[PDB]
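One chain comes next, on its own, written as structure tokens: the form deposited in one PDB entry.
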């Protein structure tokens, strides 16, 4: 692979640690900042498995290239560097120590600390803000879900896996046992049309995830029945601990007509206003 001095980190500056998932490992980067050479930064490192193919390799390269082009934002997982020469490819990104948003929410359900109502709307605001940034860079996520929102040590929401490329198996489940089709806009599901508007649909489901503290959409509903519910214009029930305003936001994101859904810019503005007016006293 060609070297890119914008992003290259010498392999001996990266102390590999425990696995995070399967491939991703936790690591320590020494002197990530050229300006700051004696500091260690915890980072996440993506790499290929021992059984990887040329196609596997080409995908990793493309995710890394897309991240360079998209640029930095507080509410996405940012590229921090790469080891590309003389050894396996390592793509180094920001580490999110409190896991994904689903996990983060579930672990804070009533019997870590509790989340106020302000906190929950703030999560939504941050994700909307991340997505508005990505939209502005012409990036379409195609699988926006709480599982692909990671949470940092300082509780910042960061959108992950935005830079991946897509081929899709509707019956394939996530490691946690859920079906990705349950976040897909109908035009994306039925006509394989993916847009910013179809991501906004997904964001509506994500909002539902947040206000159910990590609830699972359509529990017990298989793919074939999900199709029928969508064709009949079915819409998930309003969560308890959810204002009428936020529920109408969900329903708007779920407009049958893609052009009538709000944009991410509009959602960021509305959520901004709602955060300020939402109590943190419970």
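Shifts are known only where both forms have a C-alpha. Numbering follows the first chain given and starts at 1. Think of the rigid core as the biggest set of C-alphas that the two forms share within 1.5 Å after superposition.
Not pictured, yet referred to below: the form deposited in another entry.
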* Option from 73, 178, 98, 142 moving between the shown form and the other one, CA shift at or above 2 Å, rigid core reference -> 178
* After a core superposition, would you say residue 221 shifts its C-alpha by at least 2 Å between the shown form and the other one? -> yes
* Asked: When the two are fit on their core, where are the runs of 3+ residues whose C-alphas each shift at least 2 angstroms between the shown form and the other one?
  -> 174 to 178, 219 to 222
